[PDB]
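Chain residues, written in single-letter form:
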Amino acid sequence: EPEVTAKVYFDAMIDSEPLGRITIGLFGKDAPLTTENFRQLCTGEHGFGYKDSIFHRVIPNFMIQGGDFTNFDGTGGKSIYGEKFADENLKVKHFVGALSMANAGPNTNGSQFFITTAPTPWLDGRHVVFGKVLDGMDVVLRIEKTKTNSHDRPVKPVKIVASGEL
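Conventions and cut-offs
Residues numbered from 1 in each chain as written, not as in the entry; some residues may be left out. Heavy atoms only, no water. Pairing = 2+ DSSP bridges. Helix = DSSP H or I, 4+ residues; strand = E, 2+ residues; numbered from the N terminus. Axes fitted to C-alpha atoms, helices over the stretch in contact; angles between N-to-C directions. Contact = heavy atoms within 4.5 Å. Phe/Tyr/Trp six-rings, centres within 6.5 Å; stacked < 30°, edge-to-face > 60°. Buried < 20%, exposed > 50% of the residue type's maximum accessible area, 1.4 Å probe, protein only. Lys NZ or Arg CZ within 6 Å of the ring centre and 35° of its normal.

Header annotation of the entry names X-ray crystallography as the structure determination method and lists the resolution as 2.3 Å.

Participant: Would you mind showing me how to read the sheet that holds strand 2 (residues 17–26) here?
Facilitator: Strand pairs in the sheet, formed through backbone hydrogen bonds, run parallel or antiparallel to each other. Sheet architecture is open: 8 strands sit in the order 3-4-6-5-7-2-1-8, paired in antiparallel fashion. Looking at which strands have only one partner, the edges of the open sheet turn out to be strand 3 (57–59) and strand 8 (158–165). Mean inter-strand twist for the sheet, computed between neighbouring axes without regard to direction, equals 25°. The strands touched by helix 1 (residues 32–43) within the sheet are strand 1 (6–14), strand 2, strand 5 (98–101), strand 6 (113–116), strand 7 (129–135) and strand 8, with strand 8 carrying the most contacts at an inclination of about 110°. Running over the sheet, helix 2 (residues 137–144) touches strand 1, strand 2, strand 3, strand 4 (63–66), strand 6, strand 7 and strand 8 and is turned about 125° from strand 2.

Participant: Quick question: what am I supposed to make of the packing of aromatic side chains here?
Facilitator: Under the counting rule described, the total for this entry stands at 12 aromatic pairs. Between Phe-38 and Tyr-50, the aromatic rings sit 5.1 Å apart at their centres with planes inclined by 55°, giving tilted as the arrangement. In this pair, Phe-38 is assigned in helix 1 and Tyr-50 in the loop between helix 1 and strand 3, connecting sequence segments 12 residues apart. The residues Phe-38 and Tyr-50 share a single accessibility class, namely buried. Looking at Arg-21, its charged tip hangs above the ring of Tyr-9, at a distance of 4.7 Å from the centre. Here the guanidinium or amino end of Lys-78 rests over the ring plane of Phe-48, the centre of that ring lying 4.2 Å away.

Participant: I'm lost on the pairing of strand 5 in this one. Help?
Facilitator: Successive residues of a regular strand alternate their side chains across the two faces of the sheet. The alternating pattern of strand 5 places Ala-98 and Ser-100 and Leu-99 and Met-101 on opposite faces, both of which are buried. As paired strands, strand 5 and strand 6 are joined by 3 bridges and run antiparallel to one another. Counterpart to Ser-100 in the pairing with strand 6 is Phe-114.

Now the structure itself:
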């Protein structure tokens, strides 16, 4: 388990139903570029970010995915550096409650990420794990049980009504 150097949070909601706060710890020493990108997307320092985005994809017993604040369907997103940035640390393995970058091959990190809710060894070595859920895991677990439809997208939007640095 790597070192937490910063903490961010997400306040989640599902149609008037407040779910609670997810507190995330970031591994600033092991993934400085990845953490800063995530951190600055949580605060919205650049004019865009996670506030008001949803978790477009939910796969129970596996993970929940969010971060696409441009197309809200999993095809968008962008980093604070530009369109994509390189993989930093690929030696850190996933574990329950880990925050990992989504991508479309090597060095294609944008803003999409997922939170694993189970062991996902088939992702190890291919996705940068840059943090973990410190508090609010129950919230994550509740989001995981939400009703999906086609493409595993929540029938009702799971929204991040607020995000920032703690």
